[PDB]
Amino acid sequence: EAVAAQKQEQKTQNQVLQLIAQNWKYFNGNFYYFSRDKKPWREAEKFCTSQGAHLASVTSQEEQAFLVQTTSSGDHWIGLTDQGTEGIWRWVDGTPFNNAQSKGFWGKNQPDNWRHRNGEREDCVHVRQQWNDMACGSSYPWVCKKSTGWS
């Protein structure tokens, strides 16, 4: 009859306070953080990791709407990249990426892997209203994603 479940849930109940108290927004199972600073892609991921998150992914399409309409009028990094090999893309969190449906989320003609002035290709993806591969060294803001068993 000694139910310490109150304490267990209390611990989770507290964890989400720290998140929303730091302006993490909840959406369909995950917590998302839209950054206020702008940093490179690698530097952006080091942040999401420090906060136990990764650069957001897209398991669905309505998820992209949440981002886009939250980042409409804004370029925000995400967790896609084809560094290791120029051909294959892959999410940094672990999600395998359904190349099939991943179409439409790219710009009308994208990815292009454009050659930038400072001798860089494009191996990192950001979002304004559809994805665009970009030079990773460029300092954009970003969005982290975090999973929870909380609803």
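All residue numbers refer to positions in the sequence shown, first residue = 1.
Trainee: Between 45 to 53 and 104 to 112, name whichever shows the higher mean Cα B factor according to the PDB entry.
Mentor: For C-alpha atoms only, the mean B-factor is higher in 104 to 112.
Trainee: Averaged over C-alpha atoms, is the B-factor higher for 91 to 99 or for 30 to 38 in this PDB entry?
Mentor: Of 30 to 38 and 91 to 99, the stretch with the higher C-alpha B-factor average is 91 to 99.
Trainee: When the modelled residues of the chain are sorted by Cα temperature factor, does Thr12 land in the lowest, middle or highest third?
Mentor: It falls in the middle third of the chain.
Trainee: Using the B-factors in the PDB entry, rank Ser138's C-alpha atom against the chain and give the third, lowest, middle or highest.
Mentor: Within its chain, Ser138 is a lowest-third residue by C-alpha B-factor, going by the deposited values.
Trainee: Select lowest, middle or highest to describe the third in which the CA B-factor of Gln22 falls within its chain in this entry.
Mentor: Tercile = lowest for this residue's CA B-factor.
Trainee: Based on the deposited C-alpha B factors for this chain, I'd like to know if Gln130 is in the lowest, middle or highest third.
Mentor: Middle third, going by the recorded CA B-factors of the chain.
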